[PDB]
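Trainee: My questions will all concern the structure given below.
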RNA sequence: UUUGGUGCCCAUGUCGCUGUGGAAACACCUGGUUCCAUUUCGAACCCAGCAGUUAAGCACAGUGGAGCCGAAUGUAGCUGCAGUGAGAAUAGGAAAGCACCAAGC
RNA sequence: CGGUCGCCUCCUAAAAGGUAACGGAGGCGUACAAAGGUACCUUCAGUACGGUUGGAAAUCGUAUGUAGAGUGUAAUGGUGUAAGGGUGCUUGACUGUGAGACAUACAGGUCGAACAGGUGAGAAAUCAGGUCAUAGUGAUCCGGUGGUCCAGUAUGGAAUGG
RNA sequence: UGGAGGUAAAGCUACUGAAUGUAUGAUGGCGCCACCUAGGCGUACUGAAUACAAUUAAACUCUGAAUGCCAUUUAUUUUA
Ligand SMILES: [Mg+2]
Ligand SMILES: [Mg+2]
Ligand SMILES: [Mg+2]
Ligand SMILES: [Mg+2]
Ligand SMILES: [Mg+2]
Ligand SMILES: [Zn+2]
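Residue numbers (the entry's author numbering), protein chains in the order written: chain l, 1 to 136; chain z, 2 to 51; chain d, 3 to 177; chain n, 1 to 64, 69 to 116; chain x, 5 to 48.
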C-alpha cells in the first residue's frame with residue numbers, strides 16, 4: 001500500500017482530472033509504458049494490484065517503474081448519517097491520473113513479454129489504457 | 002477584563018489631566034512624568050493619582 | 003620591545019626570503035584575542051569577577067565580558083547571562099604581551115615541547131590554549147576557587163598559511 | 001571586513017536616503033567629502049540631479069584648518085540667491101574638519 | 005582608567021639575559037627561573 | 001577625452017580567475033600630545049604628517065567557470081476554432097549603462 | 001441531546017473590492033517607562049577549517065552564505081545597513097483643532113495634510129499626537145469621584161442639578 | 001490607452017510539505033573480532049548530503065496570461 005508518511009492538511013479540495021496531463025506526458029525510464037485515455041482517480045489499492053500483477057508476470061529479470069503516486073487523500077462520510085454538521089474523516093488515498101500520463105513502465109525483458117505484462121496490468125486500472133514505446 | 006490603566010495629575014493645580022497604562026506587578030514605582038497642563042499652560046511634573 | 007626586532011630585521015628578512023619587491027607584502031601581525039569561557043557561572047558562583055580581575059592583571063587591556071547570543075536549556079544559559087570574557091589587545095601591547103608569553107610563560111608550562119604542526123586554520127591564523135592561568139607571572143597564588151586556562155590567537159594580514167609559517171618562524175616561536 | 005571606504009559610501013547612502021525622502025522643500029543639499037589628504041564640497045540640486053557649485057582644496061589651496073572651502077562656496081551660492089540649504093556629512097561625522105567647514109558656511113549668509 | 009601598567013624589567017636566573025616590556029608595575033625587574041633561552045624546545 | 005567624487009539606474013551592473021598602472025588624485029602608511037572615541041582598542045571614529053607602497057582597495061585589458069538574461073517556431077490555458085498567447089526547454093547574448101562636477105588633457 | 005453565538009489573519013473567494021454554509025486551519029479578551037520618541041553606531045541565523053576546562057551543541061577569531069535569522073504573540077503581508085541589535089537624552093504614550101478621503105444602512109470604525117500654544121532629540125534640516133501593520137474589547141439609563149470665566153423656584157447662601 | 005493583481009496554466013537542485021529511479025554513500029540495524037574500551041570488516045536493508053533524470057499541491061511560488069476592473073482620450077447617445 002502506497003501512502004504518504006504524513007501530510008500537512010488532512011482534508012484538501014478534490015482535484016478535477018479533466019485536463020491533458022500536466023507532467024508525465026511521455027515514458028521516461030523504460031522501453032514501454034502504459035498510457036491512459038480517460039482521466040480518473042485510482043487509489044492506492046489499485047496501484048497495489050497493478051504493481052503486483054506486473055511483478056508476478058515479470059519474472060526475476062526485468063524492472064518496473066511506477067510513475068504516479070497517491071499524493072492526495074480523500075474523505076468518506078460514515079454511513080446512515082444526515083448531511084451537514086461537519087466534514088467526514090479521511091479514508092483512502094488516491095493518485096490523480098490525467099488523460100495521457102505514462103504511469104507504469106517496464107524494462108529489460110523481451111518485447112512480447114512486456115506487452116503482455118502491461119495488458120495484465122491495465123485491466124486492474126479503470127482508465128482505458130494504451131501502449132506507448134520510448135522515443136529515440 | 003483587567004483594570005491596568007492609571008491616571009496622572011499635575012501637582013501645582015492638582016487636576017487629573019492625563020490617562021495612561023502601567024503594569025504594577027513589575028515596576029511598583031509611582032510614575033512622575035512632565036507634560037503639558039492646560040490650566041498651568043506649560044509643561045509641569047505630573048504624578049500618579051488613585 | 004619585540005616590535006623593535008621586527009621593524010629592524012623582519013621586513014628585509016622575509017622580503018628577501020620570498021621574491022616580492024613590495025616592502026609590505028610581508029605578513030603583518032594584526033591582532034591578538036584572549037578568551038576563557040567562564041561557564042562555571044551557572045547562575046552565580048563568583049559572577050565572573052575573579053576572571054575579570056585576573057585577566058585585567060595579565061593584560062593592560064580592560065577585559066570585557068560577552069553576553070550569550072543563544073538559548074541553551076541543557077545549562078542555565080539562555081538568552082543572556084553573560085559568560086566568559088574577552089581581550090583584544092594591539093599597539094605596543096600586542097607586540098609586548100606576545101613576547102611576555104614566549105619568553106616568560108611557555109618555559110613555565112607543565113611541558114612545552116612542540117605544536118603548530120596542525121594548529122593552523124589554513125587561512126593565516128593560529129591558536130594557543132592554556133589549561134591553567136596560575137602559570138603566568140602576572141598573578142598571585144590566590145585566584146577563583148577554580149583555575150582555568152586561556153585561548154589566545156595570532157591573526158596576520160595574509161591568507162596563505164605558509165606565509166604564517168614564515169612569519170612565526172622569523173619570530174622564533176616553538177614549532 | 002569592510003574597506004573603510006565602501007562603509008563610508010554606505011553611511012552616505014543612508015544619509016542621502018533620509019534626505020531624498022524628507023526634503024519637502026527644494027532645498028539644495030550641501031555634500032562634503034572628506035579624504036585623508038584633503039576635503040571637497042559640492043552642492044547637489046536635487047529634483048533635477050545637477051550640481052550647482054563646488055569647492056575643494058584644489059582651488060589652489062594647501063592640504064586641509070582650511071575652512072576656506074566654506075567662505076568661497078558660501079559666496080558662490082549667495083550669488084545664486086538660494087541661501088537655504090541642508091548639510092550632508094557624506095559618511096563622516098559632524099566634528100573636526102567637517103564642523104570647521106559647516107560653521108564657516110553658516111556664518112556667511114547661509115541658513116541651515 | 006586601568007591598572008598602572010609601565011615598562012617593567014625582568015631578570016633571568018640561568019640564561020644570564022633580561023627582558024623589559026610591561027606588566028603590573030609593583031615588582032620591577034623580577035627574576036624567574038626558566039629564562040628566555042632555557043627551554044630545550046626553544047634552542048636544541 | 002582618462003583620473004577622482006556622486007546621483008540615477010537595480011545583476012546583460014554580480015561572484016570569481018590572469019595580468020597592467022598609480023605624476024595629479026583615491027587608499028595604504030606614520031604617530032596619538034591635543035578636539036573626539038571603543039560595551040576594551042587610535043581596529044573603527046577623529047586629528048595632523050606624507051619617508052615608503054603598487055602588495056591590498058580603486059581603475060584598465062583578457063577571461064563564456066557558477067549566478068544572471070533569453071529571441072523565433074511549436075504547445076497549454078484563454079475569448080467570442082481564427083486571433084490571443086505564456087511557463088518550461090533551446091540557439092544565443094553578456095566582462096554594464098545615463099548624467100553633473102574638480103583637475104591635467 | 002451535542003456544538004456555536006463578539007473580534008482578528010489565511011484558504012474556499014473564480015488574478016480589483018465583496019461573496020454563504022453545523023466548510024477547512026488557528027488565535028484575542030493583550031504586552032512594554034522601554035519593546036515609546038529622537039541622534040549616533042552597527043547588520044543575519046547556519047555550516048567548515050582552527051582552539052584548555054568544554055561535551056553534537058556555550059564562547060573565541062577566521063571565512064562562507066544571500067535570508068532558511070530577527071520582527072514581544074496567532075496566520076498573512078512587509079522588512080537583510082531595514083521597521084533588526086547597542087548606546088546618549090528624554091517622555092510627542094502632548095493640548096486645542098481639523099481641510100480632504102476610505103469603507104459604511106444607522107450607530108460606529110479608519111487615515112490624515114495643514115494651523116495656534118508649549119516641549120523633547122539634534123549642529124541643522126527634520127522627526128515625534130504611541131509601538132512594523134492587522135485583533136486586544138461593550139451603547140443607553142442610573143449612581144458615584146475630580147475641576148469649573150454655569151444656574152441656585154422672592155433675596156443672600158446651601159441642598160440639588162449642569 | 002496606462003495601471004494595481006498573483007487566478008487558469010506551468011514549475012519544484014526557486015523555497016515549504018509529500019515523493020520515483022540510477023551513481024556516490026554518511027546516520028544507523030544484522031553479524032563480527034579484538035578489547036573491556038576506543039575501535040576496524042563486508043553490509044540482501046533505512047536512507048544525511050550532492051549530482052543526473054523525472055513528479056504533486058485550495059491554505060507551495062523563481063515565473064504568469066485572456067476576460068473582468070479603475071481612470072483617462074476620442075466619436076455618438078441619454079437628462080437620467
Ligand atoms: Mg522600534
Ligand atoms: Mg512593539
Ligand atoms: Mg503592538
Ligand atoms: Mg433664592
Ligand atoms: Mg493549477
Ligand atoms: Zn497644572
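Built from N, CA and C at the ideal position, the CB exists for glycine as well.
Do residue 44(l) and residue 2(l) come within 8 Å of each other at the CB atom, strictly closer than that value?
Mentor: Cβ distance < 8 Å, so residue 2(l) and residue 44(l) count as in contact.
Trainee: Relative to the alpha-carbon of residue 14(x), which residue among 47(x), 39(x) and 46(x) has its alpha-carbon at the smallest distance?
Mentor: Closest option to residue 14(x), Cα to Cα, is 39(x).
Trainee: Check the Cβ-Cβ distances between residue 26(x) and every residue of chain d, and say whether any is below 8 Å.
Mentor: Output row for residue 26(x): interface = yes.
Trainee: Taking the alpha-carbon of residue 13(d) as reference, which of 176(d), 169(d), 175(d) and 174(d) has the nearest alpha-carbon?
Mentor: Checking every option, the nearest Cα to that of residue 13(d) belongs to 169(d).
Trainee: Assuming residue 27(l) and residue 105(l) form a contact by the criterion Cβ under 8 Å, report the distance between their Cβ atoms to the nearest whole angstrom.
Mentor: Rounded, the Cβ-Cβ distance is 5 Å, consistent with contact.
Trainee: For residue 1(z), does the three-state DSSP call read helix, strand or coil?
Mentor: Outside the modelled stretch of chain z, which goes from 2 to 51, sits residue 1(z), for which no answer is possible.
Trainee: Out of curiosity, what's the CA-to-CA distance linking residue 48(x) and residue 112(d)?
Mentor: Between residue 48(x) and residue 112(d), the C-alpha separation is close to 18 Å.
Trainee: For residue 101(d), decide whether its Cβ has a neighbour in chain x, counting only Cβ atoms nearer than 8 Å.
Mentor: Closer than 8 Å: yes.
Trainee: So with CB distances below 9 Å, who are the chain d contacts of residue 13(x)?
Mentor: Residues of chain d passing the Cβ test: none, with the nearest at roughly 12 Å.
Trainee: Using the Cα positions of residue 19(x) and residue 157(d), report the straight-line distance between them to the nearest angstrom.
Mentor: Going by the C-alpha atoms only, they are around 30 Å apart.
Trainee: Kindly say whether residue 58(d), judged by its beta-carbon, lies nearer than 8 Å to any beta-carbon of chain x.
Mentor: So yes, residue 58(d) belongs to the interface.
Trainee: Determine the extent of the beta strand (DSSP E) in which residue 32(x) is found, giving its start and end residues.
Mentor: Run containing residue 32(x): none; DSSP gives neither H nor E here.
Trainee: With distances taken from CA atoms, which of 117(l), 31(l) and 39(l) is nearest residue 98(l)?
Mentor: Among 117(l), 31(l) and 39(l), the Cα nearest to that of residue 98(l) is on 39(l).
Trainee: Taking the runs of the alpha helix (DSSP H) that are 4 residues or longer, which of them lie wholly in the stretch 15 to 68 of chain l?
Mentor: Listed in chain order, the complete alpha helix (DSSP H) runs (minimum 4 residues) inside the stretch 15 to 68 of chain l are 44 to 58.
Trainee: Starting from residue 21(z), trace the beta strand (DSSP E) in both directions and tell me its first and last residue.
Mentor: Per DSSP, residue 21(z) belongs to the beta strand (DSSP E) from 19 to 22.
Trainee: Leaving aside the five residues before and after residue 74(d) along the sequence, list all residues of the same chain whose C-beta is less than 7 Å from its C-beta, in chain order.
Mentor: For residue 74(d), where only same-chain residues beyond five positions count, the Cβ hits under 7 Å are 80.
Trainee: Closest Cβ-Cβ distance between residue 20(x) and chain d: below 8 Å?
Mentor: Not closer than 8 Å to any Cβ of chain d, the Cβ of residue 20(x) fails to qualify, so no.
Trainee: Give a yes or no on whether the minimum CB-CB distance between residue 40(x) and chain d is below 8 Å.
Mentor: Output row for residue 40(x): interface = yes.
Trainee: Using the C-alpha atoms, what's the distance from residue 22(d) back to residue 50(d)?
Mentor: Going by the C-alpha atoms only, they are around 48 Å apart.
Trainee: How far does the beta strand (DSSP E) with residue 42(n) in it extend, from its first residue to its last?
Mentor: Residues 39 to 45.
Trainee: Who are the near neighbours of residue 88(d) in its chain, counting only those whose CB is closer than 8 Å to its CB and skipping five residues on each side?
Mentor: These residues qualify, in order along the chain: 35, 36, 37, 65, 66, 67 and 68.
Trainee: Assign residue 26(x) to one of two classes, buried (16 or more other C-beta atoms within 10 Å of its C-beta) or exposed (fewer than that).
Mentor: Its Cβ being crowded by 16 or more others within 10 Å, residue 26(x) is buried.
Trainee: Following the continuous beta strand (DSSP E) through residue 112(l), name the residue where it begins and the one where it ends.
Mentor: Per DSSP, residue 112(l) belongs to no beta strand (DSSP E); it is in the alpha helix (DSSP H), 111 to 122.
Trainee: Rounded to whole angstroms, what is the Cα-Cα separation between residue 80(n) and residue 16(n)?
Mentor: So the two alpha carbons sit approximately 23 Å from each other.
Trainee: Taking residue 20(d) as the query, report the chain x residues whose CB atoms sit under 7 Å from its CB, ordered along the chain.
Mentor: The contacting residues do not exist; residue 20(d) stays about 26 Å from chain x at best.
Trainee: Within 8 Å (strictly less), CB to CB, does residue 64(d) reach chain x?
Mentor: So, interface residue.
Trainee: With DSSP run on the structure shown, which of helix, strand or coil describes residue 83(n)?
Mentor: Coil at residue 83(n), not helix or strand.
Trainee: Contact criterion: CB-CB distance below 8 Å. Does residue 114(d) meet it with respect to chain x?
Mentor: Interface residue, yes.
Trainee: Roughly how many whole angstroms lie between the Cα atoms of residue 104(n) and residue 37(z)?
Mentor: Their backbone Cα atoms lie some 38 Å apart in a straight line.
Trainee: Do residue 61(d) and residue 145(d) have their C-beta atoms closer together than 8 Å?
Mentor: No, Cβ-Cβ distance for residue 61(d) and residue 145(d) is not below 8 Å.
Trainee: Can you name the residues of chain x whose CB is closer than 7 Å to the CB of residue 105(d)?
Mentor: Residues of chain x passing the Cβ test: 23 and 40.
Trainee: In the DSSP assignment, what are the bridge partners of residue 13(x)?
Mentor: Beta-bridge pairing links residue 13(x) to 24(x).
Trainee: In this structure, does DSSP put residue 109(d) in helix, strand or coil?
Mentor: Helix, per DSSP.
Trainee: Under 7 Å: does the beta carbon of residue 45(z) sit that close to some heavy atom of ligand 6?
Mentor: Yes, the Cβ of residue 45(z) comes within 7 Å of a heavy atom of ligand 6.
Trainee: Taking the C-alpha atoms as reference points, what is the distance between residue 78(n) and residue 22(n)?
Mentor: Those two C-alpha atoms are separated by around 24 Å.
Trainee: Let me check one thing: in DSSP terms, what residues is residue 66(d) bridge-paired to?
Mentor: Paired residues: 88(d).
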